[PDB]
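Student:
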Amino acid sequence: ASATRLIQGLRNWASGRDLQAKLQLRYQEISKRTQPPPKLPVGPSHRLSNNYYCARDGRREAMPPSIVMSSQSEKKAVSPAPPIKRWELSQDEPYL
Amino acid sequence: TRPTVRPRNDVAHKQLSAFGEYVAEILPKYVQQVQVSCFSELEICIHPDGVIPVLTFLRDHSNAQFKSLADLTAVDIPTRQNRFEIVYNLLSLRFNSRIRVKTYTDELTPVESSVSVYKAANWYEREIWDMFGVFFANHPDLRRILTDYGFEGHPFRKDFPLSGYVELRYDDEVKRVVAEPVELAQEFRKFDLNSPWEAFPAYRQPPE
Amino acid sequence: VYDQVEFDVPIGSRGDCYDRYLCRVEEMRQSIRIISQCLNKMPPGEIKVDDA
Amino acid sequence: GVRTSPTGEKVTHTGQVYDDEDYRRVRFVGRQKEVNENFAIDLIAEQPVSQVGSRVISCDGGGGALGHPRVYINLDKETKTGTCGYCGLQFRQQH
Amino acid sequence: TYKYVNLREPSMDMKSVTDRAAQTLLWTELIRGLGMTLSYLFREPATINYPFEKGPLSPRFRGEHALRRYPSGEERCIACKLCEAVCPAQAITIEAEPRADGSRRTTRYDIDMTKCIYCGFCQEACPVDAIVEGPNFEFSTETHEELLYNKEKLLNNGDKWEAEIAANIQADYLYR
Amino acid sequence: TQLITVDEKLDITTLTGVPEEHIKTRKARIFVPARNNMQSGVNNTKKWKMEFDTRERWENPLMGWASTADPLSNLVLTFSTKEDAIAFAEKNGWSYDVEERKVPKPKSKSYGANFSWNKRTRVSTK
Amino acid sequence: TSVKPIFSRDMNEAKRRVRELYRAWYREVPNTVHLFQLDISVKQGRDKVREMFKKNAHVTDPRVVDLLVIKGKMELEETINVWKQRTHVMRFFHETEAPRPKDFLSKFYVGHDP
Amino acid sequence: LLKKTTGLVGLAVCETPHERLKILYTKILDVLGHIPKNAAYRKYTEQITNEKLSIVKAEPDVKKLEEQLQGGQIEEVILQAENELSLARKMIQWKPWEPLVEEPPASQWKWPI
Amino acid sequence: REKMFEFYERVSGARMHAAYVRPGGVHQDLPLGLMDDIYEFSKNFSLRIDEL
Amino acid sequence: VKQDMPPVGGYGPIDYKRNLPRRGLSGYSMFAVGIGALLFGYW
Ligand code: SF4
Ligand code: SF4
Ligand SMILES: [Zn+2]
């Protein structure tokens, strides 16, 4: 940031870019190293009523795997999912 | 059960169940079990004589097209007489799906190599040789891949200790790195952590 | 939340080192794009699951 | 509150000091035996007993969430103070 | 939702062909690369003057370990062995007994700093803020066993760095 | 045919890479672990475990740590039945001993027995 | 008791494979002594090969000796193709390891191991 | 319209995709006639191959054929037809419509143990 | 890349091995002013990609 | 509550596309300058 405008002009000419608008060295635009103290929020289970753990127990809703076939007519041939939709070319910048 | 519980995907569960029935009835010669997990992952548990015919099916069939071998895995489970559980994770890019193909072997029965189906397996089952001692028949260049060159023992077997049986040091008498029996200056401290209370009643096994 | 961010996937044509170079440079571009979308769409709330 | 063995070695706040015929003093030859000379047992004795007007007192160590978990101390014994099991501060009912 | 890197057909009119031939014979992109290297030549470098200038750290920084005290001199560690239970590398070795005033205190608090992975699971497992991982990163030794800290060394690191450790905890305890 | 008939005992000791000192001088113990009597839960008494005889632990001269030379000092194996553990130890050439599973015998409980008319089983307080 | 074989249908094919592996190691020992520039003789290296073959000489299972021949071929390929260094070849000669007490009385004198 | 490239490296553009797909689908059906009728591979593969062959015979366009065969480019539809043909030729030799060759041991797929 | 390691260190305390993304969420919330500096990084990083 | 959040209108736009800023003369013009330098040198 302390470069003279002659060196700054030579530098912007050699790079071809306005380098002072986007400097890679950091200055007073960055955050303070001392911040105010946060007040972090609580989640949805911080409630005093209607908050039984059995109604939100994720680990105890996991089941053993359903055995579809075990060795102890004109039905449709299936796939593991529908076929994948063809991706669309970018409207942003397709390079086309 | 909205915020903290994982949302269940019923559509994928029904579709993978239908495709598991599909594979179980196209290939009843080798398919032993078919299961779908609660988080919607299909497992085809097969006989080890059908490693090539099942994997060639899923790779080449027009309703499967599992063209990618994501991962090939063994698991040592010493309580089974076929202690090694060979796991083939497969990816169909056409149907955007994943399947798991599982089989078994013990220490002495060879599994047929799947390099003719997926070339990706060339190192993976090679690693299953190095880490578990599962021999793979008709592998092109089957040898060790991760251990040291004079390494005795298959380390990811669960009877193999955490520190090994040997440790290296440089010895200035012989001017050479040497191998000696392992002595730890501090033993690894085994922690018995398991609670004496049942955690998941849905997984309760029937008693004797 | 990758179904909620908007970005592009760079695709090669010749299968070589150079198109893979260009794919990685363009993935840095698209990562900058996703970072902008994440900084604007950052929601309030907790950061651990509220299952203790 | 450090003392010294007859070997010339500082006894730690645990009470550890090597014997005279112990060869492991040779590790301190030309070097030093690092001890901490602020014994916590000698510093928690220097605190005054808090005279409170209640029967059950609560201690968190001070600082709120920067202390220990908040425990409750009963003060029914007039023979002996009620000591916090974490920070070692002790309390006496003022009656 | 995808784009094609490198699927351009170059124009075959005489203007563009002569542009590509002036590039080939007159080395135009090579002068472009020399220009960008010349452009960094006249920039101020990013080089800080270590050891007089220091890299910027945050108050969360995980450096050297320290056993802390209360504001009475009593050590915070009440020998609960949670830090060595959570310790992913098993670097922490703890032995305890009741001492002369009956208090639950350690007789051994060792940290092997050459097993330690500096992940700070001990300071977040600790219920009384006894073990912390302080701000010192410049503690390189000349001998391996100088990095095998016992309780005396860790309590001395606490007494050494406490004026800084307390302020870092004061900055970051509302995120914890 | 493509199946051979091997009537020999299953022995993989030449293939495991375990040195001879830790095959023929080790005693494997096959057991269901006892319930920790600090606690009433029984979920740690559901499986068979295999462990080995504890070897020498000594004091590290530098730090006082527990130095060991036994590689098998932490090797605890889990088995669904007793026969799986026996077969795994026989396959590996380990000399083993088996302790049978100790179940608690079914007790006879009655809350009314706390207040009998004429038996010694009255509770003096409740 | 009907198991799938690895290479050998019986023990005679297995002994044929053991024998060919021993021939290949016996031919390889002088080249191994030379190009790894070892301090042992060719006779001492062939003694170590014979010791390692006699170590497994009690096996009666065809599949186990098939895996032993496979692992010997792997070690031989690691020796011919110079993938081992000198240290991996010299690990068969436990030279820096002090000799262990063998009788009862010296094992009693040194410690607790049976 | 003569598509310039398929976009996939090493997957060459087919000049006549319709005739190649008709040849490959009738060849799949001819190979597939040598499988027993009750085999599920035969029933399912005849079903999907007749569906794809009727879609090919119903659409003269190449682009619309790609968007209703729904298997990507037309050349990788040809590649999948070749893969299905090779698969069915292997399924004749393997005979996987047979019963199960061997039951597993009793606790082979029991998790947890 | 040094500045993005500073982002890691501001959010976790380590420059590389953060142990920050955990099963259940992340370990700790973003410190104040971190998103401003991530914006200040991203605003200039396209010029770095352009000169590469 | 006080939490690390974006500002009210969000952050500003961030450039993420390629900018190779197309500098230099034409090929005709560069060969003209080179041939003119040769002609001056030859004269
Ligand atoms: S920082 Fe991690 S590895 Fe180091 S002592 Fe603490 S818990 Fe153990
Ligand atoms: S340092 Fe903390 S976690 Fe570790 S034993 Fe002491 S009080 Fe417990
Ligand atoms: Zn207290």
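Residue numbers (PDB author numbering), protein chains in the order written: chain A, 1 to 72, 89 to 112; chain B, 7 to 214; chain C, 277 to 328; chain D, 1 to 95; chain E, 1 to 176; chain F, 8 to 133; chain G, 14 to 127; chain H, 3 to 115; chain I, 174 to 225; chain J, 5 to 47.
We put the beta carbon where it would ideally sit given N, CA and C, even for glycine.
Using a Cβ-Cβ cut-off of 6 Å (strictly less than) and excluding sequence neighbours within five positions of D60/F, which residues of its own chain qualify?
Tutor: Here the question's residue 60/F lines up with position 53 in the sixth sequence. Closer than 6 Å at Cβ, skipping near neighbours: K34.
Student: With contact counted as at least three CB pairs below 8 Å, one residue from each stretch, are the region 26-42 of chain D and the region 1-13 of chain D in contact?
Tutor: yes
Student: Check the DSSP bridge columns for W55/F and list the partner residues they point to.
Tutor: Reading the sixth sequence from its first residue, position 48 is the one you call residue 55/F. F86/F, per the DSSP bridge assignment.
Student: With hydrogens ignored, establish whether the beta-carbon of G120/E is closer than 7 Å to any heavy atom of ligand 1.
Tutor: In the fifth sequence, counting from the first residue as 1, residue 120/E sits at position 120. Yes.
Student: Along the chain, where does the beta strand (DSSP E) containing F157/B start, and where does it finish?
Tutor: The sequence position of residue 157/B within the second sequence is 151, counting from 1. It is not in any beta strand (DSSP E) - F157/B carries neither H nor E in the DSSP assignment.
Student: Compare the C-beta of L190/B against all C-beta atoms of chain G and say whether one is closer than 8 Å.
Tutor: Along the second sequence, one-based indexing puts residue 190/B at 184. It does not; no Cβ of chain G falls within 8 Å.
Student: Starting from the N-terminal end, write out each residue whose C-beta falls within a distance shorter than 6 Å of any non-hydrogen atom of ligand 3.
Tutor: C59/D, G61/D, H68/D, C84/D, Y86/D, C87/D, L89/D
Student: Please report the Cβ distance between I37/F and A92/F, rounded to the nearest whole angstrom; I am assuming they are in contact, meaning their Cβ atoms lie under 8 Å.
Tutor: As a position in the sixth sequence, residue 37/F is number 30, starting the count at 1. As a position in the sixth sequence, residue 92/F is number 85, starting the count at 1. Contact annotation, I37/F with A92/F: C-beta distance approximately 4 Å; criterion of less than 8 Å satisfied.
Student: Locate the beta strand (DSSP E) running through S58/D, then write down its first and last residues.
Tutor: To locate residue 58/D, count along the fourth sequence from 1; it is residue 58. Note, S58/D: beta strand (DSSP E), 56-59.
Student: Looking only at DSSP bridge pairs, what is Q90/D linked to?
Tutor: As a working mapping, residue 90/D is identified with position 90 in the fourth sequence. DSSP, once it has assigned bridges, lists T83/D as partnering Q90/D.
Student: Give the secondary structure of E75/E by DSSP, where H, G and I count as helix, E and B as strand, and everything else as coil.
Tutor: Position 75 of the fifth sequence, counting from 1, holds the residue named residue 75/E. Reduced to three states, the DSSP call for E75/E is strand.
Student: Relative to ligand 1, is the shortest distance from any of its heavy atoms to the C-beta of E182/I smaller than 7 Å?
Tutor: The count along the ninth sequence starts at 1 and reaches residue 182/I at position 9. Checking every heavy atom of ligand 1 against the Cβ of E182/I, none is found closer than 7 Å.
Student: Note down, in chain order, each residue of its chain lying with its Cβ closer than 8 Å to the Cβ of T7/H, except the 5 sequence neighbours on either side.
Tutor: For the purposes of this step, residue 7/H is taken as the residue at position 5 of the eighth sequence. Taken in chain order, the residues that qualify are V15.
Student: Just to make sure I have the definition right: I need the residues of chain E whose C-beta is within less than 7 Å of the C-beta of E109/A. Which are they?
Tutor: Within the first sequence, residue 109/A is the residue found at index 93, counting from 1. Near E109/A (Cβ distances below 7 Å), the residues of chain E are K3.
Student: Residue ranges of each alpha helix (DSSP H) run of no fewer than 4 residues wholly in the region 36-121 of chain G, ordered along the chain?
Tutor: As far as the region 36-121 of chain G is concerned, its whole alpha helix (DSSP H) runs of at least 4 residues are 55-68, 75-93, 99-103.
Student: Just checking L82/E against ligand 2 - is the residue's beta carbon closer than 7 Å to any of the ligand's heavy atoms?
Tutor: In the fifth sequence, residue 82/E corresponds to position 82, counting from 1. Yes.
Student: Jot down the residue ranges of each uninterrupted alpha helix (DSSP H) in the region 86-169 of chain E, minimum 4 residues, whole runs only, in chain order.
Tutor: Those alpha helix (DSSP H) runs which fall completely within the region 86-169 of chain E and span 4+ residues are 121-125.
Student: By DSSP's criteria, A35/F is part of a beta bridge. Which residues make up the other side?
Tutor: As a working mapping, residue 35/F is identified with position 28 in the sixth sequence. Bridge partners of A35/F: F59/F, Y103/F.
Student: When you check each C-beta in the region 106-136 of chain B against every C-beta of chain K, which residues fall closer than 8 Å?
Tutor: Among the protein chains of the structure shown, namely A, B, C, D, E, F, G, H, I and J, there is no chain K.
Student: If you scan the region 127-210 of chain B from start to end, which runs of the alpha helix (DSSP H) of 4 or more residues do you find wholly inside it?
Tutor: 127-138
Student: Give me the chain B residues within the contact set of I30/A, using Cβ-Cβ distance strictly less than 7 Å, ordered along the chain.
Tutor: As a position in the first sequence, residue 30/A is number 30, starting the count at 1. Ordered by position in chain B, no residue passes the 7 Å Cβ test against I30/A, which lies about 35 Å from the chain.
Student: Can you give the beta carbon distance from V128/E to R76/E, rounded, assuming they're within the 8 Å contact cut?
Tutor: Stepping through the fifth sequence from its first residue, residue 128/E is reached at position 128. Stepping through the fifth sequence from its first residue, residue 76/E is reached at position 76. Between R76/E and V128/E the Cβ distance is about 5 Å, and since that is below 8 Å, they are a contact.
Student: My output table needs one value for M36/E: the three-state DSSP class, helix, strand or coil.
Tutor: For this step, residue 36/E is matched to residue 36 along the fifth sequence. DSSP places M36/E in helix when its eight states are reduced to three.
Student: Using a Cβ cut-off of 8 Å, which residues of the region 96-108 of chain A contact any Cβ in chain H, in chain order?
Tutor: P99, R102
Student: Check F35/J in the structure and name its three-state DSSP category.
Tutor: Your numbering for residue 35/J matches position 31 in the tenth sequence. If DSSP states are grouped into helix, strand and coil, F35/J belongs with the helices.
Student: Tell me, which residues are paired with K3/E by DSSP?
Tutor: Residue numbering aside, residue 3/E sits at position 3 when the fifth sequence is read from its first letter. Per DSSP, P286/C.
Student: Using the Cα positions of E282/C and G16/J, report the straight-line distance between them to the nearest angstrom.
Tutor: Translated into positions along the third sequence, residue 282/C becomes position 6. Translated into positions along the tenth sequence, residue 16/J becomes position 12. Computed Cα separation, rounded: 17 Å.
Student: To be precise: take each residue of the region 78-108 of chain F, compare its Cβ to all Cβ atoms of chain H, and keep it if any distance is under 9 Å. Which residues remain?
Tutor: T85, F86, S87, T88, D91
Student: Confirm, please, whether the CB-CB distance from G206/I to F61/E is below 8 Å.
Tutor: For this step, residue 61/E is matched to residue 61 along the fifth sequence. For this step, residue 206/I is matched to residue 33 along the ninth sequence. Not in contact: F61/E and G206/I (Cβ atoms no closer than 8 Å).
Student: For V71/D, list the residues DSSP reports as bridge partners.
Tutor: Stepping through the fourth sequence from its first residue, residue 71/D is reached at position 71. Answer by DSSP bridge pairing, in chain order: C59/D.
Student: Helix or strand or just coil, what does DSSP make of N95/B?
Tutor: Position 89 of the second sequence holds residue 95/B. Strand, per DSSP.
Student: Please say whether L87/H and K45/H have beta carbons closer to each other than 8 Å?
Tutor: Counted from its first residue, the eighth sequence places residue 45/H at position 43. Counted from its first residue, the eighth sequence places residue 87/H at position 85. The answer is no: Cβ separation not under 8 Å.
Student: Which residues of the region 83-96 of chain H have a Cβ closer than 8 Å to any Cβ of chain F? Give them in chain order.
Tutor: none
Student: For ligand 1, any of its heavy atoms closer than 7 Å to the Cβ of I100/A?
Tutor: Here residue 100/A refers to the residue found at position 84 of the first sequence. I100/A Cβ: outside cutoff for every heavy atom of ligand 1.
Student: Taking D295/C as part of the alpha helix (DSSP H), name the residues at either end of that continuous run.
Tutor: Looking up residue 295/C in the third sequence gives position 19. Here the alpha helix (DSSP H) through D295/C covers 293-316.
Student: What does the Cβ neighbour count give for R31/D, buried or exposed, with the cut at 16 atoms within 10 Å?
Tutor: Sequence index remark: in the fourth sequence, residue 31/D carries index 31 (1-based). So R31/D ends up on the exposed side.
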